[PDB]
Ligand SMILES: O=c1ccn([C@@H]2O[C@H](COP(=O)(O)OP(=O)(O)O)[C@@H](O)[C@H]2O)c(=O)[nH]1
């Protein structure tokens, strides 16, 4: 899991 | 046996045959909604297929996209098919997935549908579509005006026809996690210049696709324009307007409560678990903060045990409703009379953007989980390491520049420890790794890799380890890459962490993307003893690369100012086998990974206690 929107 | 009936492509096709348009839209929205929930995976969508595709995933996905594309064509071309405004609002939320049904199919886009809506045989270009004057056709047109559309649209003509359709389509076109192709990236470039002045005119989200608002907010950081974050200011105003209109009152601040010795800092998290980017970067500083402050964590059940454990106490948000979540956060701040509100990430959850547009504590603070300004009145301070900052002018808020070592990083829970370094002495082909999310790919970065391959005196092969390239996203991304680099590149789908390292472990060097660079991606690089080139710029999301390379005793020449500089250095590092091996032996022999995991975590807790004291002086 990295930096992106739900 | 399973929780809930799967969406069926067959159910969808049967509906289109019997001309049951409302069953057909329902089945289609059911299918897109499920894909959206699974970030592009099509597991648990029902469809028959030729047995030759049982064991060939990429070919199964293309079959699915083609069959869906065929069905959507038969439906949206039928002139007897009327689309309600609620139908259109639901489709605008999931246009990103419609885009992929067509873009990952052989058809590329839905322009063949749009051509059926043209009523003017006397038109200058096949790219100009003239619509009958009625709402039905305009919504069918806007829904099927996809990121890869090659059809002309003028936003001024659209704005003057229906503001709500125009606003919705601008939201929908900023919403995809991959907007890297020339057609998509340039639609979005244009939107970011044109739309902020139009979005200010809105008093509510009630008629826009609100559930992709956080996407509009986050995704603008990936354009190249200096003024690219303006849409966030516009959006902050509409969220504020929307919030007040729901009968929201700010907390009237009148008492600083203490629990044990200290004052209370409420922490609101979006993503936080031992293997997530945000815990790796920001957990150490929040642990240490617990010496100055009493720490209340708020989060969803996604946050694991090791994540709950960095707080004195922790509360699950009970559900998805934003008004209830801001009500629960006011109760918490009103009962503990909170002094500080800290969000280490803002922009990945819509709830957290609402929170940054209201008052819960006298000192309200963000870190750079997502490294962009908020353009919010309600945010006083930004936490950031000194060596990560370019211009102070990139940020609407006051910077708290903490010393280089103020946020010691942490390994992922999934990190290996026994890692065999491989330093290929003279490889015939220099394998070049790109550890990037679909968000960070763009025409500028791919022109650049293309030019590097064309000038390099040595054979290069690019290996893209692509976060968020899942299910129906991947064909589209693969062809984007192939269109620049032909057989000299491989597009690896999103993989589990161990597998993602195997892809990079196979490489001789790495290139950091731009304008928006890596962080955790650089920890992944030095975890494997790899070296690579990066670009620097005014934004933090351009400068982190420059910062971390310097924290590793790495040379200035690995850091580029311009694109042309980047190209020379990328070539230099690829051609000079002996030099790159030197740099790799440096990072390995001087335990470079161990230096990123080390430092003084305390400065966040002290600098924020300091600011409360100054504030308390002045009540
Ligand atoms: O195929 C992939 C791609 C990415 N990642 C994870 O995503 C992280 C970083 O993604 P992010 O978007 O946060 O990048 P950053 O800008 O923070 O480097 C990596 O370190 C990996 O843990 C992964 O596990 N598999």
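Give the peptides B:288-294, B:13-19, B:195-201 in descending order of average Cβ contacts within 10 Å, highest first.
The packing order, highest mean first, is B:288-294, B:195-201, B:13-19.
Ratio of the stretch B:355-425's C-alpha Rg to 2.2 N^0.38 Å, to two decimals?
Numbers: Rg = 17.5 Å, N = 71, 2.2 N^0.38 = 11.1 Å.
Dividing the Cα radius of gyration by 2.2 N^0.38 Å gives 1.58.
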| field | 10 Å Cβ neighbours from other chains, averaged over peptide B:343-353 | value | 1
| task | Could you tell me what percent of the DSSP beta bridges with both partners in the protein assembly as shown are antiparallel, to the nearest 5? | result | 5 percent
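What is the mean projected area of the alpha carbon convex hull for the protein assembly as shown, to one decimal in square nanometres?
Numbers: hull surface 119.1 nm².
Average of the hull's projected areas for the protein assembly as shown equals 29.8 nm².
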| query | Considering the zone a paramagnetic label at residue B:6 would reach in this model (a point 7 Å from Cα along the Cα-to-Cβ line), which residues of the stretch B:66-104 have amide N under 16 Å from it? | reply | B:67-68
| field | Distance-filtered residues of the stretch B:243-280 - backbone nitrogen under 19 Å, label point 7 angstrom along residue B:413 Cα→Cβ | value | B:269-280
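Ratio to report: Rg/Rh of the stretch B:1-215, with Cα atoms as the point set and Rh obtained by the Kirkwood method; give two decimals. Don't skip to the answer; put the middle values down first.
Values: Rg = 17.3 Å, Rh = 18.0 Å.
Result: Rg/Rh = 0.96.
Ranked highest first by the average count of other Cβ atoms within 10 Å around their residues, in what order do B:239-252, B:485-498, B:505-518 fall?
Details: B:239-252: 14.6, B:485-498: 16.3, B:505-518: 23.6.
Output ranking for B:239-252, B:485-498, B:505-518: B:505-518, B:485-498, B:239-252.
Return the FRET efficiency for the residue pair residue B:127, residue B:615: r is the Cβ-Cβ distance, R0 is 56 Å, and the value is rounded to the nearest 0.05.
On the way: r = 58 Å, r/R0 = 1.04.
E(calc), rounded to 0.05, equals 0.45.
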| task | Divide by every residue of the protein assembly as shown the summed helix terms, -39500 (n - 2.57) for each DSSP H run of at least 4, and state the resulting mean residue ellipticity at 222 nm, rounded to the nearest 500 deg cm²/dmol. | result | -13000 deg cm²/dmol
| Distance from the Cα centre of the stretch B:6-81 to that of the stretch B:476-522, in angstrom? | 30 Å
| message | As an exercise, take the mean of 1/r over every pair of distinct alpha carbons in the stretch B:186-266, invert it, and state the Kirkwood radius in angstroms. | response | 15.1 Å
| To the nearest 0.05, what FRET efficiency results for residue B:86 and residue B:160 with a Förster distance of 25 Å applied to their C-beta separation? | 0.60
| remark: Descending packing, highest mean Cβ count within 10 Å first, for B:326-336, B:50-60 is B:326-336, B:50-60
| query | Which whole number of Å³ per residue matches the convex hull of the alpha-carbon atoms in the stretch B:407-597? | reply | 112 Å³
| field | Label-point separation in nm, residue B:38 to residue B:308, each point 7 Å along Cα→Cβ | value | 3.0 nm
| note | Per residue, the convex hull enclosing the alpha carbons of chain B has a volume in Å³ of 170 Å³
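Bear in mind these aren't lab numbers, they're just calculated from the coordinates by the rules spelled out. No Cβ is skipped: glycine too gets one built from the backbone with ideal geometry, and neighbour counts run over all protein chains shown.
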